[PDB]
Amino acid sequence: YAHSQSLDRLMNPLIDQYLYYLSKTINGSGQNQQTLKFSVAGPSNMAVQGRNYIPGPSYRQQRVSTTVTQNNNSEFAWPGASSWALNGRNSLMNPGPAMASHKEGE
Amino acid sequence: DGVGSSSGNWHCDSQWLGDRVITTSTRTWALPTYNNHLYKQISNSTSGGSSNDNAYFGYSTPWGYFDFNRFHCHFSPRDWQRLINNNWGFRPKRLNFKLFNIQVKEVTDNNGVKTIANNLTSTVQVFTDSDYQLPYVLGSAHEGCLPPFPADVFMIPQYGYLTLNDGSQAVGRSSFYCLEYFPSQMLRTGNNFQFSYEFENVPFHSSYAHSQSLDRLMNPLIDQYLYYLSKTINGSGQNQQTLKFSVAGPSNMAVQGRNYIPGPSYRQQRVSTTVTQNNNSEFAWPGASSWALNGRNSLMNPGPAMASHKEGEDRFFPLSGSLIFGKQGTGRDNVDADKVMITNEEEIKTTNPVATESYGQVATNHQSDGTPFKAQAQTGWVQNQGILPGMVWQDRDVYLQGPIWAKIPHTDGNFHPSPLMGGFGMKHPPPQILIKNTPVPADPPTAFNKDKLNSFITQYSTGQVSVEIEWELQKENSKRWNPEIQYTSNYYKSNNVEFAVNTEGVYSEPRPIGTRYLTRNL
Amino acid sequence: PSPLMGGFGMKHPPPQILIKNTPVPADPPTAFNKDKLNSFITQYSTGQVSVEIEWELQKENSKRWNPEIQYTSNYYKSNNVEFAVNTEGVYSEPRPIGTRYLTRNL
């Protein structure tokens with residue numbers, strides 16, 4: 001099955017949280033303007049909302065385009081690949097940890 | 001079971017039967033008509049636009065839902081004090097929920113005069129999502145819980161949910177849920193609703209602080225039988241390389257071999273409550289730890305459970321590594337530091353690394369004399385450390401005004417699914433109880449019209465809700481000789497009693513209360 | 001511990017019976033608000049209360065020969081009957097009445 005909800009969009013989009021976040025650290029331009037301002041994390045700012053669970057582990061891979069003109073004009077299949085070493089031997093991280101292949105639209 | 005007979009009684013007290021606590025809470029609620037009985041698609045576009053990180057897509061339903069996922073919904077401050085001062089742990093065991101004394105009222109506004117009358121034949125709809133087929137919006141630290149003060153009347157929050165989005169748009173995998181597709185019990189006045197829920201097995205919450213640190217678990221009088229490399233050069237000058245070893249003992253506790261190491265870390269930016277010590281720049285968003293998901297950046301808040309600050313650095317707090325509660329009457333946007341209550345996670349510095357410090361140092365090269373660069377030993381800071389075997393840690397504390405439980409996401413894999421905001425993580429948490437006033441149409445036209453009716457009698461409902469939770473207790477049996485730290489009120493005089501009402505009848509919670517006052521060995 | 005104002009002193013006296021009208025909120029806003037409701041339908045209640053008390057008596061068995069002092073009304077004419085209502089329906093107690101009229105030896 002595929003999830004119809006994302007980990008960062010599990011909240012109620014109509015109700016604020018009772019938690020606060022640091023929203024402003026300076027009152028404005030100029031010297032000695034330091035401050036601490038806090039705001040309610042709500043529907044308008046979903047990025048800063050407190051969350052209970054976070055995305056799984058990652059092991060970054062090199063990005064290759066099926067449109068070959070967008071790729072770098074160099075040989076990077078082996079040199080640019082993620083790998084792990086075992087007893088001095090390098091082995092390709094293939095396919096490695098389960099990760100999303102690409103972003104939306106890519 | 002009629003108009004003139006009450007369908008329930010007010011039950012609000014706690015019973016301490018040894019190793020168990022049964023807390024009962026009754027409140028008076030008011031349910032309006034949400035969304036004019038309509039399901040509405042919502043998105044950041046309909047909310048006025050936003051950035052990519054804030055984009056969403058979802059629906060707002062005409063249903064309300066009952067929230068009691070906060071500890072002050074069940075524990076009075078005195079009951080909380082008893083629990084935290086006399087117990088090493090606690091966990092929920094059973095739940096009982098009651099809806100009764102339903103009153104549906106119609107509102108007519110003629111010539112600006114508002115008159116409210118009883119609608120005896122109107123019905124309120126309620127059901128529980130016992131199969132967890134709906135998006136779970138509890139466990140997101142939302143408002144709308146039962147008020148901490150039993151005398152307060154609260155409004156039931158409106159139920160909405162989010163699905164997959166591509167900007168402000170939906171994708172083919174997005175799901176639309178109609179809550180009228182569920183069987184629900186229809187209640188007139190005189191009817192009541194009741195259901196029982198059994199909490200699944202969860203570990204006891206650690207309502208204790210360790211009196212030993214992970215790096216001080218040894219006998220301070222006896223040497224180890226293990227050696228460590230203590231000297232690599234005999235002295236100043238060329239070709240002085242050597243290898244000297246010493247016994248790891250009480251004089252050098254830092255180099256002693258150890259069996260267990262501090263838990264995982266994800267470094268947070270350090271912010272001082274003394275604003276003059278902070279940098280003169282805007283770094284709330286730019287300087288914050290975050291994780292990316294499908295190209296969207298989300299704040300790491302509160303993230304892994306880590307010590308808030310080092311010893312003596314009480315003025316420092318992680319940028320988004322702690323729960324920040326608002327004081328009574330605090331506004332929504334851009335409030336001062338004195339209007340919020342920043343929770344302090346200091347009791348776990350014995351096992352968990354400090355949130356604003358590096359986990360440690362790792363070697364980054366091979367030191368050598370040649371073969372031919374003459375490289376010295378180099379180390380690099382570990383800003384984020386994942387789980388390693390032999391690592392121990394403490395979870396985040398729970399608070400009187402903090403959350404109780406969260407639903408573990410239904411995924412193939414998870415590790416230590418205890419909620420990051422604190423509480424008990426369950427695959428089958430208490431189900432969502434969804435409530436809604438049944439629409440009562442106004443007079444329809446005398447000629448048939450295929451269009452759905454859009455004129456309704458203005459209505460709202462009120463009633464009483466009772467929640468009874470039985471908690472299992474883990475009694476402390478410490479052999480510590482000296483008296484422990486306990487939560488206590490301060491005898492010094494004040495204008496108002498803490499955790500009481502002021503002269504205007506406004507109840508307030510002056511400070512956050514954790515659970516970790518008693519002491520346990522490591 | 002006999003009360004100084006007079007009466008029977010008890011460690012467990014008749015308990016306080018506390019009564020209150022359950023608040024009935026007025027129409028709440030159609031958008032959620034976290035604040036407690038402060039607009040209510042104006043209400044009051046009325047009813048009947050019945051109290052029944054059984055008192056134990058200590059009968060007098062005096063051997064005194066002469067007649068005792070008793071509380072009595074005065075036959076002399078007056079505008080109103082004592083311990084009755086006046087022409088406006090106002091009930092009044094004209095004097096305080098004690099309990100100590102009969103006689104006992106020391």
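So basically every Cβ, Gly included, is an ideal-geometry build from the backbone, and we count neighbours across all protein chains shown. What follows is calculated from the coordinates using simple rules that are stated; it is not laboratory data.
Quick check on residue B:140: is it within 14 Å of chain A (Cβ to nearest Cβ), surrounded by fewer than 16 Cβ atoms within 10 Å (Cβ to Cβ) and either in a strand (DSSP E or B) or out of contact with any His (no Cβ under 7 Å at 6 or more places or on another chain) (or both)?
No, not satisfied.
Within the range A:5-53, restricting attention to residues that are surrounded by fewer than 16 Cβ atoms within 10 Å (Cβ to Cβ), touching a strand residue (DSSP E or B) at 6+ places or on another chain (Cβ under 7 Å) and assigned to a loop (DSSP other than H, G, I, E, B), which residue is farthest from the other protein chains (Cβ to nearest Cβ)?
Per the criteria, the residue is A:27.
Please state which one of B:350, B:371, B:356, B:330 is part of a loop (DSSP other than H, G, I, E, B) and within 23 Å of residue B:520 (Cβ to Cβ).
Just a single option satisfies the conditions, and that option is B:350.
Out of all the residues in the range B:433-473, which are aliphatic (A, V, I, L, M) and part of a strand (DSSP E or B)?
Within the range B:433-473, B:433, B:434, B:435, B:465, B:467, B:469, B:473 qualify.
Of the residues B:255, B:275, only one is closer than 30 Å to residue A:24 by Cβ and out of contact with any helix residue (DSSP H, G or I) (no Cβ under 7 Å at 6 or more places or on another chain); which?
Result: B:275 is the single residue among B:255, B:275 that is closer than 30 Å to residue A:24 by Cβ and out of contact with any helix residue (DSSP H, G or I) (no Cβ under 7 Å at 6 or more places or on another chain).
Considering the range B:271-299 alone, what residues qualify as being within 7 Å of chain A (Cβ to nearest Cβ), within 26 Å of the chain's Cα centre (by Cα) and either crowded, with 17+ Cβ neighbours inside 10 Å or under 27 Å from residue A:105 (Cα atoms) (or both)?
Scanning the range B:271-299 gives B:271, B:284, B:291, B:293, B:294, B:295, B:296, B:297, B:298, B:299.
For every residue, the table says whether it meets (1) in contact with a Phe, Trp or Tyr (Cβ under 7 Å, 6 or more places away or on another chain); (2) among the small types (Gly, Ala, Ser); (3) surrounded by fewer than 12 Cβ atoms within 10 Å (Cβ to Cβ).
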position: B:309; (1), (2), (3): yes, no, no
position: B:338; (1), (2), (3): no, no, yes
position: B:361; (1), (2), (3): yes, no, yes
position: B:371; (1), (2), (3): no, no, yes
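Can you tell me how many residues within the range C:74-106 are aliphatic (A, V, I, L, M), loosely packed, with under 10 Cβ neighbours inside 10 Å and under 20 Å from residue C:6 (Cα atoms)?
Matching residues across the range C:74-106 total 1.
Which of the residues that make up the range B:97-137 are within 30 Å of residue B:423 (Cβ to Cβ), among the charged types (D, E, K, R) and in a strand (DSSP E or B)?
Residue satisfying the conditions is B:98 alone.
Looking at residue C:60, is it more than 30 Å from residue B:100 (Cβ to Cβ) and surrounded by fewer than 10 Cβ atoms within 10 Å (Cβ to Cβ)? So that I can check it myself, show each step before the final result.
Working: more than 30 Å from residue B:100 (Cβ to Cβ): yes; surrounded by fewer than 10 Cβ atoms within 10 Å (Cβ to Cβ): no.
Against the criterion (more than 30 Å from residue B:100 (Cβ to Cβ) and surrounded by fewer than 10 Cβ atoms within 10 Å (Cβ to Cβ)), residue C:60 does not qualify.
Of all residues in the range B:406-423, count the ones that are buried (at least 24 other Cβ atoms within 10 Å of the Cβ) and either among the charged types (D, E, K, R) or not in a loop (DSSP other than H, G, I, E, B) (or both).
Matching residues across the range B:406-423 total 2.
Mind listing just one residue for me: the one in the range C:1-43 that is of a type in the set (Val, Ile, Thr) and more than 20 Å from residue B:155 (Cβ to Cβ) and, of those, farthest from the chain's Cα centre (by Cα)?
Only one residue tops the list, namely C:19.
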